[PDB]
>>> print(open('model29.pdb').read())   # PDB, C-alpha atoms and all ligand atoms
ATOM      1  CA  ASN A  26       0.000   0.000   0.000  1.00  0.00           C
ATOM      2  CA  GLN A  27       3.026   2.315   0.321  1.00  0.00           C
ATOM      3  CA  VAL A  28       4.920   4.175  -2.415  1.00  0.00           C
ATOM      4  CA  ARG A  29       8.367   5.731  -2.813  1.00  0.00           C
ATOM      5  CA  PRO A  30       8.353   9.106  -4.560  1.00  0.00           C
ATOM      6  CA  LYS A  31      11.191  10.034  -6.899  1.00  0.00           C
ATOM      7  CA  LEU A  32      13.594  12.694  -5.648  1.00  0.00           C
ATOM      8  CA  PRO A  33      12.012  15.902  -7.076  1.00  0.00           C
ATOM      9  CA  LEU A  34       8.573  14.895  -5.761  1.00  0.00           C
ATOM     10  CA  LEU A  35      10.129  13.898  -2.399  1.00  0.00           C
ATOM     11  CA  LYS A  36      11.568  17.412  -2.067  1.00  0.00           C
ATOM     12  CA  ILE A  37       8.078  18.856  -2.646  1.00  0.00           C
ATOM     13  CA  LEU A  38       6.510  16.578  -0.013  1.00  0.00           C
ATOM     14  CA  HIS A  39       9.155  17.564   2.549  1.00  0.00           C
ATOM     15  CA  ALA A  40       8.599  21.262   1.795  1.00  0.00           C
ATOM     16  CA  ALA A  41       4.982  20.543   2.766  1.00  0.00           C
ATOM     17  CA  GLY A  42       5.947  19.068   6.169  1.00  0.00           C
ATOM     18  CA  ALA A  43       6.321  15.413   5.189  1.00  0.00           C
ATOM     19  CA  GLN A  44       8.956  13.253   6.868  1.00  0.00           C
ATOM     20  CA  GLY A  45      10.679  10.109   5.648  1.00  0.00           C
ATOM     21  CA  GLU A  46      10.445   8.841   2.086  1.00  0.00           C
ATOM     22  CA  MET A  47       7.748   6.146   2.106  1.00  0.00           C
ATOM     23  CA  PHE A  48       4.094   7.164   1.917  1.00  0.00           C
ATOM     24  CA  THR A  49       0.554   6.017   1.224  1.00  0.00           C
ATOM     25  CA  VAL A  50      -1.083   7.546  -1.868  1.00  0.00           C
ATOM     26  CA  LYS A  51      -3.462   9.449   0.447  1.00  0.00           C
ATOM     27  CA  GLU A  52      -0.467  10.874   2.347  1.00  0.00           C
ATOM     28  CA  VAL A  53       1.050  12.029  -0.941  1.00  0.00           C
ATOM     29  CA  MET A  54      -2.232  13.764  -1.908  1.00  0.00           C
ATOM     30  CA  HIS A  55      -2.600  15.333   1.539  1.00  0.00           C
ATOM     31  CA  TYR A  56       0.931  16.747   1.451  1.00  0.00           C
ATOM     32  CA  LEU A  57       0.589  17.984  -2.147  1.00  0.00           C
ATOM     33  CA  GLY A  58      -2.501  19.968  -1.069  1.00  0.00           C
ATOM     34  CA  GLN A  59      -0.466  21.355   1.821  1.00  0.00           C
ATOM     35  CA  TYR A  60       2.384  22.223  -0.566  1.00  0.00           C
ATOM     36  CA  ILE A  61      -0.009  24.244  -2.710  1.00  0.00           C
ATOM     37  CA  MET A  62      -1.086  26.179   0.442  1.00  0.00           C
ATOM     38  CA  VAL A  63       2.445  26.931   1.708  1.00  0.00           C
ATOM     39  CA  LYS A  64       3.702  28.056  -1.689  1.00  0.00           C
ATOM     40  CA  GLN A  65       0.452  30.009  -2.287  1.00  0.00           C
ATOM     41  CA  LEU A  66      -0.032  28.508  -5.766  1.00  0.00           C
ATOM     42  CA  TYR A  67      -3.834  28.728  -5.724  1.00  0.00           C
ATOM     43  CA  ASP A  68      -5.885  31.741  -6.853  1.00  0.00           C
ATOM     44  CA  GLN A  69      -7.564  33.411  -3.848  1.00  0.00           C
ATOM     45  CA  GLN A  70     -10.315  34.603  -6.208  1.00  0.00           C
ATOM     46  CA  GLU A  71     -10.771  31.209  -7.916  1.00  0.00           C
ATOM     47  CA  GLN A  72      -9.657  28.799  -5.200  1.00  0.00           C
ATOM     48  CA  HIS A  73     -10.132  25.755  -7.443  1.00  0.00           C
ATOM     49  CA  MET A  74      -7.398  27.048  -9.770  1.00  0.00           C
ATOM     50  CA  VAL A  75      -3.715  26.290  -9.170  1.00  0.00           C
ATOM     51  CA  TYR A  76      -0.928  28.138 -10.993  1.00  0.00           C
ATOM     52  CA  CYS A  77       2.115  25.880 -10.841  1.00  0.00           C
ATOM     53  CA  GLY A  78       4.186  27.151 -13.804  1.00  0.00           C
ATOM     54  CA  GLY A  79       7.649  28.261 -12.673  1.00  0.00           C
ATOM     55  CA  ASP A  80       7.330  26.063  -9.563  1.00  0.00           C
ATOM     56  CA  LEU A  81       8.911  22.587  -9.423  1.00  0.00           C
ATOM     57  CA  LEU A  82       5.375  21.137  -9.266  1.00  0.00           C
ATOM     58  CA  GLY A  83       4.571  22.642 -12.682  1.00  0.00           C
ATOM     59  CA  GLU A  84       7.736  21.081 -14.116  1.00  0.00           C
ATOM     60  CA  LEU A  85       6.613  17.674 -12.813  1.00  0.00           C
ATOM     61  CA  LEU A  86       3.080  18.087 -14.160  1.00  0.00           C
ATOM     62  CA  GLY A  87       4.188  19.607 -17.460  1.00  0.00           C
ATOM     63  CA  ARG A  88       1.582  22.335 -16.901  1.00  0.00           C
ATOM     64  CA  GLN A  89       1.209  26.049 -16.167  1.00  0.00           C
ATOM     65  CA  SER A  90      -2.077  25.523 -14.344  1.00  0.00           C
ATOM     66  CA  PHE A  91      -4.810  23.086 -13.383  1.00  0.00           C
ATOM     67  CA  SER A  92      -8.188  22.964 -11.707  1.00  0.00           C
ATOM     68  CA  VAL A  93      -8.625  20.792  -8.601  1.00  0.00           C
ATOM     69  CA  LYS A  94     -11.938  19.683 -10.138  1.00  0.00           C
ATOM     70  CA  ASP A  95      -9.868  18.069 -12.924  1.00  0.00           C
ATOM     71  CA  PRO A  96      -7.468  15.605 -11.215  1.00  0.00           C
ATOM     72  CA  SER A  97      -6.548  13.777 -14.466  1.00  0.00           C
ATOM     73  CA  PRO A  98      -3.110  15.374 -15.075  1.00  0.00           C
ATOM     74  CA  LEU A  99      -2.256  14.914 -11.371  1.00  0.00           C
ATOM     75  CA  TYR A 100      -2.702  11.141 -11.193  1.00  0.00           C
ATOM     76  CA  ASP A 101      -0.729  10.685 -14.426  1.00  0.00           C
ATOM     77  CA  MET A 102       2.192  12.625 -12.874  1.00  0.00           C
ATOM     78  CA  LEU A 103       2.001  10.434  -9.761  1.00  0.00           C
ATOM     79  CA  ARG A 104       2.223   7.324 -11.954  1.00  0.00           C
ATOM     80  CA  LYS A 105       5.490   8.658 -13.423  1.00  0.00           C
ATOM     81  CA  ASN A 106       6.840   9.683  -9.994  1.00  0.00           C
ATOM     82  CA  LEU A 107       5.611   7.113  -7.448  1.00  0.00           C
ATOM     83  CA  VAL A 108       7.372   3.745  -7.307  1.00  0.00           C
ATOM     84  CA  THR A 109       5.331   1.005  -5.593  1.00  0.00           C
TER      85      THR A 109
HETATM   86  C1  LIG B 201     -10.667  17.301  -2.489  1.00  0.00           C
HETATM   87  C2  LIG B 201      -9.169  17.697  -2.648  1.00  0.00           C
HETATM   88  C3  LIG B 201      -8.445  17.130  -3.877  1.00  0.00           C
HETATM   89  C4  LIG B 201      -7.481  16.135  -3.658  1.00  0.00           C
HETATM   90  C5  LIG B 201      -6.772  15.603  -4.738  1.00  0.00           C
HETATM   91  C6  LIG B 201      -7.033  16.066  -6.031  1.00  0.00           C
HETATM   92 CL1  LIG B 201      -6.146  15.388  -7.369  1.00  0.00          CL
HETATM   93  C7  LIG B 201      -7.988  17.061  -6.260  1.00  0.00           C
HETATM   94  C8  LIG B 201      -8.687  17.597  -5.179  1.00  0.00           C
HETATM   95  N1  LIG B 201      -8.942  19.157  -2.674  1.00  0.00           N
HETATM   96  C9  LIG B 201      -9.888  20.045  -2.792  1.00  0.00           C
HETATM   97  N2  LIG B 201      -9.395  21.194  -2.814  1.00  0.00           N
HETATM   98  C10 LIG B 201      -7.971  21.113  -2.724  1.00  0.00           C
HETATM   99  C11 LIG B 201      -7.068  22.324  -2.712  1.00  0.00           C
HETATM  100  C12 LIG B 201      -7.521  23.481  -3.369  1.00  0.00           C
HETATM  101  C13 LIG B 201      -6.733  24.634  -3.382  1.00  0.00           C
HETATM  102  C14 LIG B 201      -5.490  24.635  -2.733  1.00  0.00           C
HETATM  103  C15 LIG B 201      -5.024  23.491  -2.076  1.00  0.00           C
HETATM  104  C16 LIG B 201      -5.819  22.329  -2.062  1.00  0.00           C
HETATM  105  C17 LIG B 201      -7.762  19.779  -2.631  1.00  0.00           C
HETATM  106  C18 LIG B 201      -6.479  19.052  -2.544  1.00  0.00           C
HETATM  107  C19 LIG B 201      -5.908  18.320  -1.559  1.00  0.00           C
HETATM  108  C20 LIG B 201      -6.436  18.107  -0.210  1.00  0.00           C
HETATM  109  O1  LIG B 201      -5.899  17.218   0.442  1.00  0.00           O
HETATM  110  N3  LIG B 201      -7.448  18.882   0.234  1.00  0.00           N
HETATM  111  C21 LIG B 201      -8.064  18.762   1.551  1.00  0.00           C
HETATM  112  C22 LIG B 201      -9.357  19.618   1.517  1.00  0.00           C
HETATM  113  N4  LIG B 201      -9.052  21.032   1.150  1.00  0.00           N
HETATM  114  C23 LIG B 201     -10.180  21.782   0.530  1.00  0.00           C
HETATM  115  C24 LIG B 201      -9.789  23.228   0.107  1.00  0.00           C
HETATM  116  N5  LIG B 201      -9.028  23.945   1.174  1.00  0.00           N
HETATM  117  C25 LIG B 201      -8.546  25.358   1.016  1.00  0.00           C
HETATM  118  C26 LIG B 201      -8.433  25.770  -0.484  1.00  0.00           C
HETATM  119  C27 LIG B 201      -7.633  27.097  -0.625  1.00  0.00           C
HETATM  120  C28 LIG B 201      -8.204  28.236   0.271  1.00  0.00           C
HETATM  121  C29 LIG B 201      -8.513  27.785   1.728  1.00  0.00           C
HETATM  122  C30 LIG B 201      -9.339  26.469   1.774  1.00  0.00           C
HETATM  123  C31 LIG B 201      -7.927  23.122   1.728  1.00  0.00           C
HETATM  124  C32 LIG B 201      -8.471  21.793   2.280  1.00  0.00           C
HETATM  125  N6  LIG B 201      -4.782  17.806  -1.971  1.00  0.00           N
HETATM  126  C33 LIG B 201      -4.531  18.151  -3.237  1.00  0.00           C
HETATM  127  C34 LIG B 201      -3.433  17.811  -4.020  1.00  0.00           C
HETATM  128  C35 LIG B 201      -3.429  18.309  -5.325  1.00  0.00           C
HETATM  129 CL2  LIG B 201      -2.077  17.906  -6.338  1.00  0.00          CL
HETATM  130  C36 LIG B 201      -4.468  19.116  -5.830  1.00  0.00           C
HETATM  131  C37 LIG B 201      -5.560  19.444  -5.023  1.00  0.00           C
HETATM  132  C38 LIG B 201      -5.557  18.942  -3.723  1.00  0.00           C
END
>>> encode(input="model29.pdb", output="structure tokens")
Amino acid sequence: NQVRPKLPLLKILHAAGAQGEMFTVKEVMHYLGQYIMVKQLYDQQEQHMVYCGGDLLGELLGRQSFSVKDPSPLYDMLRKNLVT
């Protein structure tokens, strides 16, 4: 049930308060949400929108932005970054 994130993703999780390097998928998603908060990547006016371009998260997603209503690009990134 646990996964090991690749190094760039691991750095992101730690910036969000995570410890160690083995996580459940739900932990990864929790900490990614927390990362978005701490780095203030969301639009205060449209809080469903995240602007990740120019942040390491954007580089990993291959995106400038995404909506939290549309999780599709997120789970594809996790496939390419989480080793089970
Ligand atoms: C349902 C869930 C979700 C979870 C996964 C996915 Cl692929 C989509 C959606 N979700 C709903 N809104 C968010 C969210 C929105 C804006 C900024 C930060 C987080 C999230 C995300 C969580 C999370 O663990 N969220 C706890 C509840 N959230 C409500 C919104 N809250 C705040 C939003 C910003 C302003 C203050 C309230 C934080 C607590 N983790 C995520 C990680 C990513 Cl890669 C993307 C989004 C989220």
>>> residues_near_ligand(input="model29.pdb", ligand="ligand LIG 201 (chain B)", cutoff="8 Å", atoms="all atoms listed in the file", output="PyMOL selection string")
chain A and resi 53-62+66-69+72-75+92-97+99-100
>>> atom_distance(input="model29.pdb", atom1="CA of residue 37 in chain A", atom2="CA of residue 101 in chain A")
16.8 Å
>>> resolve_selection(input="model29.pdb", expression="the PyMOL selection byres (((chain A and resi 82) around 12) and not hetatm)", output="ChimeraX atom specification")
/A:33-38,40,57-58,60-61,64,66,75-81,83-91,98-99,102-103,106
>>> write_last_selection(input="model29.pdb", atoms="C-alpha atoms", output="mmCIF file, keeping the file's coordinate frame")
data_model
loop_
_atom_site.group_PDB
_atom_site.id
_atom_site.type_symbol
_atom_site.label_atom_id
_atom_site.label_comp_id
_atom_site.auth_asym_id
_atom_site.auth_seq_id
_atom_site.Cartn_x
_atom_site.Cartn_y
_atom_site.Cartn_z
ATOM 1 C CA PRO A 33 12.012 15.902 -7.076
ATOM 2 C CA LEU A 34 8.573 14.895 -5.761
ATOM 3 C CA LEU A 35 10.129 13.898 -2.399
ATOM 4 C CA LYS A 36 11.568 17.412 -2.067
ATOM 5 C CA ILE A 37 8.078 18.856 -2.646
ATOM 6 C CA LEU A 38 6.510 16.578 -0.013
ATOM 7 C CA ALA A 40 8.599 21.262 1.795
ATOM 8 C CA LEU A 57 0.589 17.984 -2.147
ATOM 9 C CA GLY A 58 -2.501 19.968 -1.069
ATOM 10 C CA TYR A 60 2.384 22.223 -0.566
ATOM 11 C CA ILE A 61 -0.009 24.244 -2.710
ATOM 12 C CA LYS A 64 3.702 28.056 -1.689
ATOM 13 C CA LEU A 66 -0.032 28.508 -5.766
ATOM 14 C CA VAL A 75 -3.715 26.290 -9.170
ATOM 15 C CA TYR A 76 -0.928 28.138 -10.993
ATOM 16 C CA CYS A 77 2.115 25.880 -10.841
ATOM 17 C CA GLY A 78 4.186 27.151 -13.804
ATOM 18 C CA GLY A 79 7.649 28.261 -12.673
ATOM 19 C CA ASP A 80 7.330 26.063 -9.563
ATOM 20 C CA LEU A 81 8.911 22.587 -9.423
ATOM 21 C CA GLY A 83 4.571 22.642 -12.682
ATOM 22 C CA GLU A 84 7.736 21.081 -14.116
ATOM 23 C CA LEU A 85 6.613 17.674 -12.813
ATOM 24 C CA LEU A 86 3.080 18.087 -14.160
ATOM 25 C CA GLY A 87 4.188 19.607 -17.460
ATOM 26 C CA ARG A 88 1.582 22.335 -16.901
ATOM 27 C CA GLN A 89 1.209 26.049 -16.167
ATOM 28 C CA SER A 90 -2.077 25.523 -14.344
ATOM 29 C CA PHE A 91 -4.810 23.086 -13.383
ATOM 30 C CA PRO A 98 -3.110 15.374 -15.075
ATOM 31 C CA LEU A 99 -2.256 14.914 -11.371
ATOM 32 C CA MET A 102 2.192 12.625 -12.874
ATOM 33 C CA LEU A 103 2.001 10.434 -9.761
ATOM 34 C CA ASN A 106 6.840 9.683 -9.994
#
>>> atom_distance(input="model29.pdb", atom1="CA of residue 28 in chain A", atom2="CA of residue 42 in chain A")
17.2 Å
>>> atom_distance(input="model29.pdb", atom1="CA of residue 109 in chain A", atom2="CA of residue 30 in chain A")
8.7 Å
>>> axis_aligned_box(input="model29.pdb", around="range 79-91 of chain A", padding_each_side="5 Å", output="AutoDock Vina command-line options")
--center_x 2.1 --center_y 23.0 --center_z -13.4 --size_x 23.7 --size_y 20.6 --size_z 18.2
>>> closest_residue(input="model29.pdb", among="A:26, A:32, A:39, A:44", to="residue 63 in chain A", atoms="only C-alpha atoms")
A:39
>>> decode(input="model29.pdb", residues="range 70-89 of chain A", atoms="N, CA and C atoms", output="short mmCIF file (atom, residue, chain, number, x, y, z; two decimals), in the first residue's frame")
data_model
loop_
_atom_site.label_atom_id
_atom_site.label_comp_id
_atom_site.auth_asym_id
_atom_site.auth_seq_id
_atom_site.Cartn_x
_atom_site.Cartn_y
_atom_site.Cartn_z
N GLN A 70 -9.04 34.26 -5.58
CA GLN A 70 -10.32 34.60 -6.21
C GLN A 70 -11.02 33.41 -6.84
N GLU A 71 -10.24 32.47 -7.39
CA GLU A 71 -10.77 31.21 -7.92
C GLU A 71 -9.99 30.07 -7.27
N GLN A 72 -10.43 29.68 -6.07
CA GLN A 72 -9.66 28.80 -5.20
C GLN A 72 -9.54 27.37 -5.71
N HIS A 73 -10.25 27.05 -6.79
CA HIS A 73 -10.13 25.75 -7.44
C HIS A 73 -8.96 25.73 -8.44
N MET A 74 -8.48 26.91 -8.80
CA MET A 74 -7.40 27.05 -9.77
C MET A 74 -6.03 27.09 -9.10
N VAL A 75 -5.10 26.30 -9.64
CA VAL A 75 -3.71 26.29 -9.17
C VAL A 75 -2.77 26.69 -10.30
N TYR A 76 -1.89 27.65 -10.02
CA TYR A 76 -0.93 28.14 -10.99
C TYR A 76 0.48 27.69 -10.62
N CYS A 77 0.91 26.60 -11.24
CA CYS A 77 2.11 25.88 -10.84
C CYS A 77 3.31 26.09 -11.78
N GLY A 78 3.10 26.82 -12.88
CA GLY A 78 4.19 27.15 -13.80
C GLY A 78 5.29 27.96 -13.12
N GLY A 79 6.54 27.62 -13.40
CA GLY A 79 7.65 28.26 -12.67
C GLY A 79 7.91 27.72 -11.27
N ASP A 80 7.06 26.82 -10.78
CA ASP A 80 7.33 26.06 -9.56
C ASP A 80 7.66 24.63 -9.96
N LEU A 81 8.50 23.97 -9.16
CA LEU A 81 8.91 22.59 -9.42
C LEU A 81 7.73 21.66 -9.70
N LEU A 82 6.59 21.92 -9.05
CA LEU A 82 5.38 21.14 -9.27
C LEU A 82 4.87 21.23 -10.71
N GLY A 83 4.96 22.42 -11.29
CA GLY A 83 4.57 22.64 -12.68
C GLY A 83 5.45 21.86 -13.64
N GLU A 84 6.75 21.85 -13.35
CA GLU A 84 7.74 21.08 -14.12
C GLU A 84 7.40 19.59 -14.11
N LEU A 85 6.99 19.08 -12.95
CA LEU A 85 6.61 17.67 -12.81
C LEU A 85 5.30 17.35 -13.51
N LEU A 86 4.37 18.30 -13.51
CA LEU A 86 3.08 18.09 -14.16
C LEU A 86 3.16 18.32 -15.66
N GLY A 87 4.12 19.13 -16.08
CA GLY A 87 4.19 19.61 -17.46
C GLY A 87 3.01 20.52 -17.75
N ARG A 88 2.72 21.42 -16.80
CA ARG A 88 1.58 22.34 -16.90
C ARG A 88 1.85 23.68 -16.23
N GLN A 89 1.19 24.71 -16.75
CA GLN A 89 1.21 26.05 -16.17
C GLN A 89 0.17 26.15 -15.07
#
